[PDB]
Amino acid sequence: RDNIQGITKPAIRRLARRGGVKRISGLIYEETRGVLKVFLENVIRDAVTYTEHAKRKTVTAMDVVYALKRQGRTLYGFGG
Amino acid sequence: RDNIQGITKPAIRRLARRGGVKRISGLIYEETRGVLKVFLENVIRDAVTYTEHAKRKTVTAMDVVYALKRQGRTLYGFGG
Amino acid sequence: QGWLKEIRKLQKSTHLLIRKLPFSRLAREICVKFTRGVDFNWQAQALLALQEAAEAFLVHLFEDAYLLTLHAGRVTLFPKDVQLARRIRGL
Amino acid sequence: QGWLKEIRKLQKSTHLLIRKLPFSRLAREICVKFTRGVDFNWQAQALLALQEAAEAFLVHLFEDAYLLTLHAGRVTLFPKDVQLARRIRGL
Amino acid sequence: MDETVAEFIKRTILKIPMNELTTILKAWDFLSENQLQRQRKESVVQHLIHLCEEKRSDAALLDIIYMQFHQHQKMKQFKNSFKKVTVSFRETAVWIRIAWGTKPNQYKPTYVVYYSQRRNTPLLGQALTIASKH
Amino acid sequence: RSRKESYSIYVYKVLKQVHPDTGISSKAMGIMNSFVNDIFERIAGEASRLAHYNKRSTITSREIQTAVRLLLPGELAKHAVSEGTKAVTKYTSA
Amino acid sequence: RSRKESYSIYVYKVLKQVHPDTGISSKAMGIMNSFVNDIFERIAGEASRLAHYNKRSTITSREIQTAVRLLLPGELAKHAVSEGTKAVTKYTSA
Amino acid sequence: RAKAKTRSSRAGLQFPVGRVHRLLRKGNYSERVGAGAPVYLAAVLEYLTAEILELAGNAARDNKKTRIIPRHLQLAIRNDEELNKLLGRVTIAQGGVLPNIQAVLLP
Amino acid sequence: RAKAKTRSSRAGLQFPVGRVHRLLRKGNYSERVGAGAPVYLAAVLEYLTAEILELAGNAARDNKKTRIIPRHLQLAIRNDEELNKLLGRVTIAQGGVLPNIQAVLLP
DNA sequence: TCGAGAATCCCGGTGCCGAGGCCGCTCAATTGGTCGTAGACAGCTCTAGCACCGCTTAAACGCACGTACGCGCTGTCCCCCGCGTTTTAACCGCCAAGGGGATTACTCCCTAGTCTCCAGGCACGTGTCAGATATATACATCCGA
DNA sequence: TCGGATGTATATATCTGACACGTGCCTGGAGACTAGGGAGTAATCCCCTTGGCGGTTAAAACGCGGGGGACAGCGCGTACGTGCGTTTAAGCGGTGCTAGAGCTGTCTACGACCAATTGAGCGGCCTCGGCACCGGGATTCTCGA
């Protein structure tokens with residue numbers, strides 16, 4: 001009944017099989033949730049700042065890309 | 001009688017002792033000259049472009065900092 | 001046995017891996033802990049931006065991490081392999 | 001024995017390590033291989049900018065590399081430890 | 001919390017119109033009378049929120065008066081018993097307002113149903129029509 | 001009434017010009033729309049500095065010719081430094 | 001003759017104000033001179049984008065606030081915005 | 001009173017000069033904008049788009065498809081060296097990764 | 001015909017308003033510059049310089065010196081966490097590094 | 001463990017050069033006053049987004065699993081460290097010359113700017129087909145038997 | 001270690017949802033011209049780099065011989081991957097609703113510009129003194145029993 005436990009063990013394994021990982025230890029499932037939670041807190045912090053600057057109550061796709069722009073990971077495909 | 005052999009073995013070791021390196025293998029002295037030579041060719045290429053833009057024949061300190069600015073390693077202490 | 005089939009299958013396709021509805025509940029809960037917790041609406045296009053950017057971060061993260069597993073004479077990955085790879089990246 | 005004295009001595013001070021006159025001949029030779037090789041004058045202040053930026057790059061490089069030596073169960077560093085650390089950095 | 005109280009307070013003052021800002025804010029008496037001491041609407045909330053540090057579920061009652069000045073966007077212990085914001089009554093024209101329905105979420109649209117004689121909609125009608133003796 | 005614009009027509013013209021029968025998905029236009037704006041921003045943003053660095057006020061052809069000289073790896077730059085130079089003389093002809 | 005400017009006299013006030021006895025070398029002023037420009041770059045360079053992002057063409061005090069909210073990390077930012085907000089109220093005090 | 005001849009047509013290019021020349025002033029890059037600048041710039045933009053689509057079609061052609069999917073862009077950039085040196089920081093939505101099994105995992 | 005009262009003095013700050021307000025127009029950041037902007041900005045600049053010098057003096061004080069050397073700045077930034085999160089990309093000339101012996105190299 | 005062991009650090013020298021402070025001064029900052037306009041502000045409105053419920057069925061959870069796999073293990077041994085002595089060149093100063101960076105007065109050509117036409121683009125519209133998933137019939141590759 | 005079952009593959013089929021292309025239009029690029037100001041060009045002043053010697057002195061290369069590390073190899077033991085029967089929650093549609101996104105329309109507060117009008121601020125100029133460095137020398141140090 002926790003949202004961070006909404007990232008199942010095989011779903012984490014689905015990521016690592018794409019990364020070319022043969023065999024995964026059992027303590028990864030705690031660390032990967034920790035790494036993912038920090039990575040969102042460095043974006044949702046930044047994405048909501050644009051959302052509250054232009055005085056709205058709704059995040060747009062451009063809000064995320066702007067947050068990822070200064071973050072240093074530019075994401076194409078959505079744009080203006 | 002080569003300038004890249006102007007970087008002696010103890011001078012390379014002086015760098016790694018500052019980096020907290022206990023014991024160094026013997027094949028490092030070829031690789032470190034290779035790494036250093038590439039790092040200058042990604043800067044002197046860029047630094048001379050500013051030097052040839054403002055139509056001069058002399059590199060300034062601001063020319064290097066501008067090259068290191070776009071390189072992503074900002075160096076303070078010299079400035080304008 | 002099968003895992004090598006599993007790697008070539010997932011590196012073939014390009015669809016998302018984390019399921020959207022648990023991923024949506026995660027991002028909305030993090031947004032509550034900012035802006036003093038009112039709420040925020042999300043464009044359904046905009047939540048797909050995270051779910052792209054989260055997986056593309058992590059898949060790129062493990063490839064940097066799994067090199068350290070093979071460098072250590074190991075095959076099985078470890079959390080030591082994760083945090084060190086995060087440390088050398090510098091963020 | 002002495003090397004630990006050598007580490008604390010060099011991490012104490014802050015002066016440059018590579019000697020200037022061989023370092024000057026290196027940078028001038030690289031500048032010849034651009035701008036079709038005429039020559040370029042160098043401000044003596046400006047060559048110190050490289051000699052700061054070169055050492056600050058490499059000293060930061062080995063600290064990232066020497067972590068991989070200890071991660072591999074080793075103490076003696078290797079060129080394998082160098083190129084892998086350069087690879088994960090992404091430049 | 002007091003931040004989240006201020007966030008409900010900051011959004012409430014911004015939602016009201018400045019042609020009637022001083023009218024309805026005087027009707028709440030959330031601050032004191034003479035403490036209202038005019039130029040810029042965004043700056044006026046920047047001082048009144050810092051002026052809300054004096055008097056500090058503490059400030060939602062101003063919004064129930066805000067539904068009276070904007071009524072186009074839609075014993076008496078027979079509502080507070082349902083505690084499984086909370087209910088925020090106000091006297092009136094013999095009736096009351098509710099501003100009640102929410103876990104804690106008081107910045108969402110709570111229901112409003114007077115008595116002049118989401119999933120929480122399935123049970124908020126059950127606790128009302130208690131049919132007491134009055 | 002929401003009269004927006006993009007580079008949607010121009011990418012499809014270039015693709016048709018150098019490939020006869022090759023189509024493109026509407027998701028892939030969102031790549032190329034986000035692609036060319038990020039290149040445009042980095043080029044014009046960098047060449048904005050060289051005017052400010054060398055104290056002049058006028059972005060001309062010469063700044064871009066040294067901006068593309070910096071923003072690309074050099075082998076790809078060897079054609080790009082000559083492509084616009086092939087084109088900029090052609091405009092001043094007519 | 002030429003004339004060149006810095007921030008050095010202003011910083012030497014600040015150092016004297018936080019410590020009535022601590023002095024500073026010549027080289028460390030060049031550290032601080034290159035420091036405060038690079039902070040002035042990244043704040044205004046970010047704050048210029050938000051004017052471009054939300055289509056209003058006027059950098060006001062509000063856009064600096066959200067840019068400092070973006071650039072500085074979450075703990076150090078909380079004082080500087082308060083140090084910022086304290087400044088403008090005293091400026092509008094007279 | 002002549003006919004409106006497009007500067008992009010006069011340059012013989014494909015990307016719009018007049019849109020770039022409008023954007024380059026309003027993007028607040030400098031005060032004065034030279035005439036030769038946004039006609040030199042569009043060719044640089046045209047050479048890049050013609051570069052990566054020419055690799056993208058070969059990804060489409062080899063995978064038996066006449067319609068470029070976004071993954072074919074991802075396979076085009078990472079198989080090139082020099083574009084990967086340009087776009088190694090930038091990710092791509094619906095891109096996936098290279099089919100990269102690391103070397104020593106085999107019988 | 002009054003006396004020239006400095007806006008920096010009127011703000012009660014230390015960093016020059018009038019120099020920043022001149023630079024913020026000529027740096028070509030936007031078209032219009034608000035009055036409240038380069039008086040909000042100087043306080044942000046003042047708070048940062050007052051932050052790092054206050055750590056720099058303690059590096060000077062502990063190393064028995066009344067004159068701040070540039071290494072004391074380097075020891076101040078890397079010993080702070082949050083400034084290191086700001087300045088981790090930026091190096092410092094004549095800085096050196098932390099006295100960082102890695103852990104397991106000891107008897 | 002002991003002991004003398006150099007080793008560590010501290011302290012009171014000369015001393016230099018350099019920041020700290022004071023001095024003419026100018027030009028950029030501020031003051032005073034005028035304008036338009038961006039943008040604030042409030043007001044409609046219809047699009048997109050949250051909620052909910054049902055039915056799903058594919059997905060996950062646990063688990064028993066044996067079977068690979070980390071790893072501590074010890075022995076081996078090539079390969080750095082330290083030391084010492086003998087070349088080698090970086091270095092400081094010094095000097096002399098001079099290309100070459102900064103500055104200055106110069107004119108005009110490029111570029112903003114205006115305002116006056118027009119059409120290339122945009123949004124919108126139906127045809128239809130690539131392709132994709134669908135199911136096969138058909139062709140090859142080695143997994144445990 | 002061959003059979004062989006398990007994996008591979010064009011082929012086909014339909015079906016479809018995207019998309020390429022027609023169309024009306026309309027806001028924006030273009031034409032043509034106007035002034036004025038950037039900036040290019042040209043000429044000059046000395047600043048600073050360059051390239052000399054001498055010669056000095058720490059640096060560095062040679063070479064060893066020591067042992068400390070790397071490492072190949074092997075023991076167990078253990079944690080994770082695979083099947084698999086059992087939950088279960090994601091998804092999808094699906095419907096009902098609306099709160100906010102966004103757009104348009106007045107009002108004005110607020111910045112730009114301009115012109116005077118001082119003083120804060122910048123280069124010289126000098127003088128003090130903090131750091132710097134030598135060695136006494138008072139601590140605080142390391143393996144023969």
# chains A, B, ... in the order shown; residues from 1 in each chain; ligands from 1
$ residues_around --residues "residue 70 in chain J" --least-positions-apart "2" --cutoff "10 Å" --atoms "only C-alpha atoms (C1' of nucleotides)" --output "VMD selection string"
(chain C and resid 74 to 76) or (chain J and resid 72) or (chain K and resid 77 to 79)
$ select_by_dssp --residues "range 20-92 of chain I" --states "helix (DSSP H, G or I)" --output "PDB file with N, CA, C and O atoms, in the first residue's frame"
ATOM      1  N   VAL I  20      24.985  47.236 -11.543  1.00  0.00           N
ATOM      2  CA  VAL I  20      24.237  46.058 -11.967  1.00  0.00           C
ATOM      3  C   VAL I  20      23.131  46.447 -12.933  1.00  0.00           C
ATOM      4  O   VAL I  20      22.940  45.803 -13.972  1.00  0.00           O
ATOM      5  N   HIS I  21      22.433  47.543 -12.637  1.00  0.00           N
ATOM      6  CA  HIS I  21      21.346  47.991 -13.495  1.00  0.00           C
ATOM      7  C   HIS I  21      21.853  48.447 -14.854  1.00  0.00           C
ATOM      8  O   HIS I  21      21.132  48.348 -15.851  1.00  0.00           O
ATOM      9  N   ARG I  22      23.089  48.935 -14.915  1.00  0.00           N
ATOM     10  CA  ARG I  22      23.683  49.248 -16.205  1.00  0.00           C
ATOM     11  C   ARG I  22      24.099  47.982 -16.934  1.00  0.00           C
ATOM     12  O   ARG I  22      23.890  47.861 -18.147  1.00  0.00           O
ATOM     13  N   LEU I  23      24.680  47.025 -16.213  1.00  0.00           N
ATOM     14  CA  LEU I  23      25.129  45.802 -16.862  1.00  0.00           C
ATOM     15  C   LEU I  23      23.968  44.934 -17.307  1.00  0.00           C
ATOM     16  O   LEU I  23      24.080  44.231 -18.316  1.00  0.00           O
ATOM     17  N   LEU I  24      22.853  44.976 -16.591  1.00  0.00           N
ATOM     18  CA  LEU I  24      21.770  44.069 -16.920  1.00  0.00           C
ATOM     19  C   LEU I  24      21.028  44.509 -18.172  1.00  0.00           C
ATOM     20  O   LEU I  24      20.399  43.675 -18.828  1.00  0.00           O
ATOM     21  N   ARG I  25      21.125  45.781 -18.549  1.00  0.00           N
ATOM     22  CA  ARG I  25      20.591  46.195 -19.838  1.00  0.00           C
ATOM     23  C   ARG I  25      21.561  45.869 -20.959  1.00  0.00           C
ATOM     24  O   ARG I  25      21.170  45.310 -21.987  1.00  0.00           O
ATOM     25  N   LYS I  26      22.835  46.202 -20.776  1.00  0.00           N
ATOM     26  CA  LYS I  26      23.806  46.040 -21.845  1.00  0.00           C
ATOM     27  C   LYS I  26      24.242  44.602 -22.042  1.00  0.00           C
ATOM     28  O   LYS I  26      24.867  44.299 -23.060  1.00  0.00           O
ATOM     29  N   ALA I  37      14.105  44.753 -10.161  1.00  0.00           N
ATOM     30  CA  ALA I  37      14.988  43.624 -10.435  1.00  0.00           C
ATOM     31  C   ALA I  37      16.403  43.851  -9.915  1.00  0.00           C
ATOM     32  O   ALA I  37      16.849  43.072  -9.056  1.00  0.00           O
ATOM     33  N   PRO I  38      17.163  44.906 -10.333  1.00  0.00           N
ATOM     34  CA  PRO I  38      18.553  44.944  -9.876  1.00  0.00           C
ATOM     35  C   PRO I  38      18.690  45.611  -8.523  1.00  0.00           C
ATOM     36  O   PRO I  38      19.646  46.352  -8.285  1.00  0.00           O
ATOM     37  N   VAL I  39      17.747  45.352  -7.628  1.00  0.00           N
ATOM     38  CA  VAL I  39      17.868  45.721  -6.230  1.00  0.00           C
ATOM     39  C   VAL I  39      17.523  44.458  -5.462  1.00  0.00           C
ATOM     40  O   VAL I  39      17.981  44.243  -4.337  1.00  0.00           O
ATOM     41  N   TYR I  40      16.760  43.579  -6.104  1.00  0.00           N
ATOM     42  CA  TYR I  40      16.569  42.243  -5.568  1.00  0.00           C
ATOM     43  C   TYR I  40      17.781  41.387  -5.849  1.00  0.00           C
ATOM     44  O   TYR I  40      18.071  40.449  -5.103  1.00  0.00           O
ATOM     45  N   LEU I  41      18.484  41.691  -6.928  1.00  0.00           N
ATOM     46  CA  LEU I  41      19.565  40.837  -7.376  1.00  0.00           C
ATOM     47  C   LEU I  41      20.823  41.060  -6.560  1.00  0.00           C
ATOM     48  O   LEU I  41      21.547  40.105  -6.259  1.00  0.00           O
ATOM     49  N   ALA I  42      21.087  42.313  -6.195  1.00  0.00           N
ATOM     50  CA  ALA I  42      22.310  42.635  -5.477  1.00  0.00           C
ATOM     51  C   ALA I  42      22.322  42.027  -4.087  1.00  0.00           C
ATOM     52  O   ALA I  42      23.385  41.631  -3.598  1.00  0.00           O
ATOM     53  N   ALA I  43      21.155  41.924  -3.451  1.00  0.00           N
ATOM     54  CA  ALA I  43      21.086  41.270  -2.154  1.00  0.00           C
ATOM     55  C   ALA I  43      21.379  39.786  -2.265  1.00  0.00           C
ATOM     56  O   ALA I  43      21.992  39.211  -1.361  1.00  0.00           O
ATOM     57  N   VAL I  44      20.956  39.161  -3.363  1.00  0.00           N
ATOM     58  CA  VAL I  44      21.277  37.758  -3.586  1.00  0.00           C
ATOM     59  C   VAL I  44      22.771  37.592  -3.782  1.00  0.00           C
ATOM     60  O   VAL I  44      23.384  36.656  -3.254  1.00  0.00           O
ATOM     61  N   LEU I  45      23.388  38.529  -4.494  1.00  0.00           N
ATOM     62  CA  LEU I  45      24.832  38.497  -4.648  1.00  0.00           C
ATOM     63  C   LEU I  45      25.530  38.791  -3.330  1.00  0.00           C
ATOM     64  O   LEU I  45      26.585  38.221  -3.042  1.00  0.00           O
ATOM     65  N   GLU I  46      24.947  39.664  -2.513  1.00  0.00           N
ATOM     66  CA  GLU I  46      25.572  39.995  -1.241  1.00  0.00           C
ATOM     67  C   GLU I  46      25.487  38.831  -0.271  1.00  0.00           C
ATOM     68  O   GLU I  46      26.424  38.587   0.492  1.00  0.00           O
ATOM     69  N   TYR I  47      24.392  38.076  -0.319  1.00  0.00           N
ATOM     70  CA  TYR I  47      24.244  36.958   0.598  1.00  0.00           C
ATOM     71  C   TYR I  47      25.201  35.826   0.269  1.00  0.00           C
ATOM     72  O   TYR I  47      25.641  35.108   1.171  1.00  0.00           O
ATOM     73  N   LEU I  48      25.566  35.672  -0.998  1.00  0.00           N
ATOM     74  CA  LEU I  48      26.489  34.606  -1.351  1.00  0.00           C
ATOM     75  C   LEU I  48      27.919  34.945  -0.964  1.00  0.00           C
ATOM     76  O   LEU I  48      28.643  34.085  -0.451  1.00  0.00           O
ATOM     77  N   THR I  49      28.343  36.180  -1.216  1.00  0.00           N
ATOM     78  CA  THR I  49      29.699  36.578  -0.864  1.00  0.00           C
ATOM     79  C   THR I  49      29.884  36.615   0.642  1.00  0.00           C
ATOM     80  O   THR I  49      30.944  36.239   1.151  1.00  0.00           O
ATOM     81  N   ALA I  50      28.854  37.034   1.371  1.00  0.00           N
ATOM     82  CA  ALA I  50      28.907  36.972   2.822  1.00  0.00           C
ATOM     83  C   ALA I  50      28.882  35.544   3.329  1.00  0.00           C
ATOM     84  O   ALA I  50      29.328  35.288   4.451  1.00  0.00           O
ATOM     85  N   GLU I  51      28.371  34.610   2.533  1.00  0.00           N
ATOM     86  CA  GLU I  51      28.375  33.221   2.955  1.00  0.00           C
ATOM     87  C   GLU I  51      29.768  32.629   2.851  1.00  0.00           C
ATOM     88  O   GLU I  51      30.288  32.070   3.823  1.00  0.00           O
ATOM     89  N   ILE I  52      30.400  32.756   1.687  1.00  0.00           N
ATOM     90  CA  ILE I  52      31.621  31.996   1.472  1.00  0.00           C
ATOM     91  C   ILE I  52      32.812  32.651   2.149  1.00  0.00           C
ATOM     92  O   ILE I  52      33.775  31.964   2.495  1.00  0.00           O
ATOM     93  N   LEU I  53      32.772  33.963   2.377  1.00  0.00           N
ATOM     94  CA  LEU I  53      33.856  34.579   3.125  1.00  0.00           C
ATOM     95  C   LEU I  53      33.782  34.218   4.595  1.00  0.00           C
ATOM     96  O   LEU I  53      34.815  34.148   5.269  1.00  0.00           O
ATOM     97  N   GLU I  54      32.576  33.965   5.099  1.00  0.00           N
ATOM     98  CA  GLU I  54      32.430  33.613   6.501  1.00  0.00           C
ATOM     99  C   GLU I  54      32.983  32.225   6.768  1.00  0.00           C
ATOM    100  O   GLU I  54      33.464  31.948   7.871  1.00  0.00           O
ATOM    101  N   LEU I  55      32.965  31.357   5.764  1.00  0.00           N
ATOM    102  CA  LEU I  55      33.695  30.109   5.885  1.00  0.00           C
ATOM    103  C   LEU I  55      35.170  30.297   5.586  1.00  0.00           C
ATOM    104  O   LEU I  55      36.005  29.565   6.127  1.00  0.00           O
ATOM    105  N   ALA I  56      35.505  31.276   4.744  1.00  0.00           N
ATOM    106  CA  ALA I  56      36.896  31.484   4.369  1.00  0.00           C
ATOM    107  C   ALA I  56      37.705  32.032   5.528  1.00  0.00           C
ATOM    108  O   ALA I  56      38.881  31.691   5.687  1.00  0.00           O
ATOM    109  N   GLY I  57      37.091  32.893   6.338  1.00  0.00           N
ATOM    110  CA  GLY I  57      37.790  33.429   7.489  1.00  0.00           C
ATOM    111  C   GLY I  57      38.085  32.365   8.522  1.00  0.00           C
ATOM    112  O   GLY I  57      39.140  32.382   9.160  1.00  0.00           O
ATOM    113  N   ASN I  58      37.174  31.405   8.675  1.00  0.00           N
ATOM    114  CA  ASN I  58      37.400  30.323   9.619  1.00  0.00           C
ATOM    115  C   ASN I  58      38.505  29.398   9.145  1.00  0.00           C
ATOM    116  O   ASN I  58      39.228  28.827   9.968  1.00  0.00           O
ATOM    117  N   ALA I  59      38.659  29.249   7.833  1.00  0.00           N
ATOM    118  CA  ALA I  59      39.836  28.569   7.311  1.00  0.00           C
ATOM    119  C   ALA I  59      41.089  29.384   7.573  1.00  0.00           C
ATOM    120  O   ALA I  59      42.154  28.827   7.858  1.00  0.00           O
ATOM    121  N   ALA I  60      40.976  30.706   7.481  1.00  0.00           N
ATOM    122  CA  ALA I  60      42.115  31.556   7.787  1.00  0.00           C
ATOM    123  C   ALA I  60      42.408  31.558   9.275  1.00  0.00           C
ATOM    124  O   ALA I  60      43.575  31.507   9.682  1.00  0.00           O
ATOM    125  N   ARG I  61      41.357  31.603  10.095  1.00  0.00           N
ATOM    126  CA  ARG I  61      41.533  31.679  11.539  1.00  0.00           C
ATOM    127  C   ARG I  61      42.146  30.405  12.090  1.00  0.00           C
ATOM    128  O   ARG I  61      43.034  30.457  12.948  1.00  0.00           O
ATOM    129  N   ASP I  62      41.706  29.254  11.591  1.00  0.00           N
ATOM    130  CA  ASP I  62      42.224  27.997  12.107  1.00  0.00           C
ATOM    131  C   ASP I  62      43.649  27.747  11.644  1.00  0.00           C
ATOM    132  O   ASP I  62      44.411  27.062  12.331  1.00  0.00           O
ATOM    133  N   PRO I  70      44.058  32.044  -1.449  1.00  0.00           N
ATOM    134  CA  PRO I  70      43.049  31.373  -2.281  1.00  0.00           C
ATOM    135  C   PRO I  70      42.784  29.932  -1.907  1.00  0.00           C
ATOM    136  O   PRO I  70      41.704  29.427  -2.231  1.00  0.00           O
ATOM    137  N   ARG I  71      43.718  29.255  -1.243  1.00  0.00           N
ATOM    138  CA  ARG I  71      43.463  27.883  -0.825  1.00  0.00           C
ATOM    139  C   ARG I  71      42.384  27.821   0.243  1.00  0.00           C
ATOM    140  O   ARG I  71      41.605  26.860   0.282  1.00  0.00           O
ATOM    141  N   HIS I  72      42.285  28.860   1.075  1.00  0.00           N
ATOM    142  CA  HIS I  72      41.252  28.906   2.103  1.00  0.00           C
ATOM    143  C   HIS I  72      39.859  28.972   1.503  1.00  0.00           C
ATOM    144  O   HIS I  72      38.896  28.519   2.126  1.00  0.00           O
ATOM    145  N   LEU I  73      39.731  29.524   0.301  1.00  0.00           N
ATOM    146  CA  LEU I  73      38.469  29.433  -0.414  1.00  0.00           C
ATOM    147  C   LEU I  73      38.179  28.003  -0.826  1.00  0.00           C
ATOM    148  O   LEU I  73      37.043  27.534  -0.702  1.00  0.00           O
ATOM    149  N   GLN I  74      39.203  27.298  -1.312  1.00  0.00           N
ATOM    150  CA  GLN I  74      39.034  25.920  -1.752  1.00  0.00           C
ATOM    151  C   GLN I  74      38.681  25.013  -0.587  1.00  0.00           C
ATOM    152  O   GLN I  74      37.833  24.124  -0.715  1.00  0.00           O
ATOM    153  N   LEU I  75      39.302  25.243   0.565  1.00  0.00           N
ATOM    154  CA  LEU I  75      38.946  24.481   1.748  1.00  0.00           C
ATOM    155  C   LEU I  75      37.583  24.874   2.281  1.00  0.00           C
ATOM    156  O   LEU I  75      36.954  24.080   2.981  1.00  0.00           O
ATOM    157  N   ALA I  76      37.109  26.075   1.968  1.00  0.00           N
ATOM    158  CA  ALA I  76      35.800  26.472   2.461  1.00  0.00           C
ATOM    159  C   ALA I  76      34.687  25.850   1.640  1.00  0.00           C
ATOM    160  O   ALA I  76      33.679  25.402   2.196  1.00  0.00           O
ATOM    161  N   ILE I  77      34.854  25.811   0.320  1.00  0.00           N
ATOM    162  CA  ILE I  77      33.778  25.351  -0.546  1.00  0.00           C
ATOM    163  C   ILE I  77      33.611  23.844  -0.442  1.00  0.00           C
ATOM    164  O   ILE I  77      32.491  23.339  -0.322  1.00  0.00           O
ATOM    165  N   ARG I  78      34.716  23.104  -0.460  1.00  0.00           N
ATOM    166  CA  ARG I  78      34.615  21.654  -0.425  1.00  0.00           C
ATOM    167  C   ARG I  78      34.218  21.127   0.944  1.00  0.00           C
ATOM    168  O   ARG I  78      33.688  20.016   1.031  1.00  0.00           O
ATOM    169  N   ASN I  79      34.463  21.879   2.011  1.00  0.00           N
ATOM    170  CA  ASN I  79      33.972  21.449   3.310  1.00  0.00           C
ATOM    171  C   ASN I  79      32.498  21.741   3.489  1.00  0.00           C
ATOM    172  O   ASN I  79      31.838  21.059   4.275  1.00  0.00           O
ATOM    173  N   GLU I  82      26.530  22.349   0.504  1.00  0.00           N
ATOM    174  CA  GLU I  82      25.599  22.974  -0.426  1.00  0.00           C
ATOM    175  C   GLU I  82      26.312  23.865  -1.427  1.00  0.00           C
ATOM    176  O   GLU I  82      25.895  23.948  -2.586  1.00  0.00           O
ATOM    177  N   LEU I  83      27.385  24.529  -1.006  1.00  0.00           N
ATOM    178  CA  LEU I  83      28.192  25.287  -1.949  1.00  0.00           C
ATOM    179  C   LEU I  83      28.931  24.368  -2.901  1.00  0.00           C
ATOM    180  O   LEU I  83      29.159  24.730  -4.060  1.00  0.00           O
ATOM    181  N   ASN I  84      29.311  23.183  -2.427  1.00  0.00           N
ATOM    182  CA  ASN I  84      29.932  22.207  -3.305  1.00  0.00           C
ATOM    183  C   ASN I  84      28.935  21.695  -4.330  1.00  0.00           C
ATOM    184  O   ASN I  84      29.313  21.394  -5.464  1.00  0.00           O
ATOM    185  N   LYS I  85      27.657  21.625  -3.963  1.00  0.00           N
ATOM    186  CA  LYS I  85      26.631  21.323  -4.949  1.00  0.00           C
ATOM    187  C   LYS I  85      26.429  22.468  -5.924  1.00  0.00           C
ATOM    188  O   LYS I  85      25.894  22.251  -7.015  1.00  0.00           O
ATOM    189  N   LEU I  86      26.833  23.677  -5.557  1.00  0.00           N
ATOM    190  CA  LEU I  86      26.810  24.789  -6.491  1.00  0.00           C
ATOM    191  C   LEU I  86      28.065  24.837  -7.344  1.00  0.00           C
ATOM    192  O   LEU I  86      27.987  25.084  -8.552  1.00  0.00           O
ATOM    193  N   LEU I  87      29.224  24.589  -6.749  1.00  0.00           N
ATOM    194  CA  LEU I  87      30.484  24.863  -7.417  1.00  0.00           C
ATOM    195  C   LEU I  87      31.284  23.602  -7.697  1.00  0.00           C
ATOM    196  O   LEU I  87      32.507  23.673  -7.850  1.00  0.00           O
TER     197      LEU I  87
END
$ closest_residue --among "D:19, D:80, D:71, D:87" --to "chain K" --atoms "only C-alpha atoms (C1' of nucleotides)"
D:19
$ interface_residues --of "chain C" --to "chain K" --cutoff "9 Å" --atoms "only C-alpha atoms (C1' of nucleotides)" --output "list in words"
residues 3, 19, 20, 21 and 22 of chain C
$ residues_around --residues "residue 18 in chain B" --least-positions-apart "3" --cutoff "8 Å" --atoms "only C-alpha atoms (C1' of nucleotides)" --output "JSON, numbers by chain"
{"B": [14, 15, 21], "D": [7, 10, 11, 59], "I": [97]}
$ select_by_dssp --residues "range 15-88 of chain G" --states "strand (DSSP E or B)" --output "ChimeraX atom specification"
/G:23-24,58-59
$ calpha_fit_rmsd --fixed "chain F" --moving "chain G"
0.5 Å
$ atom_distance --atom1 "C1' of residue 88 in chain J" --atom2 "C1' of residue 55 in chain K"
13.4 Å
$ closest_atom_pairs --of "chain G" --to "chain F" --cutoff "12 Å" --atoms "only C-alpha atoms" --output "CSV"
residue,atom,partner,partner_atom,distance
G:41,CA,F:49,CA,11.3
G:45,CA,F:45,CA,10.3
G:48,CA,F:45,CA,11.9
G:49,CA,F:41,CA,11.3
$ closest_atom_pairs --of "chain J" --to "chain A" --cutoff "12 Å" --atoms "only C-alpha atoms (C1' of nucleotides)" --output "JSON lines"
{"residue": "J:48", "atom": "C1'", "partner": "A:58", "partner_atom": "CA", "distance": 11.0}
{"residue": "J:49", "atom": "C1'", "partner": "A:58", "partner_atom": "CA", "distance": 9.7}
{"residue": "J:59", "atom": "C1'", "partner": "A:10", "partner_atom": "CA", "distance": 9.7}
{"residue": "J:60", "atom": "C1'", "partner": "A:8", "partner_atom": "CA", "distance": 7.9}
{"residue": "J:61", "atom": "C1'", "partner": "A:9", "partner_atom": "CA", "distance": 10.0}
{"residue": "J:68", "atom": "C1'", "partner": "A:23", "partner_atom": "CA", "distance": 10.6}
{"residue": "J:69", "atom": "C1'", "partner": "A:23", "partner_atom": "CA", "distance": 9.9}
{"residue": "J:70", "atom": "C1'", "partner": "A:25", "partner_atom": "CA", "distance": 10.9}
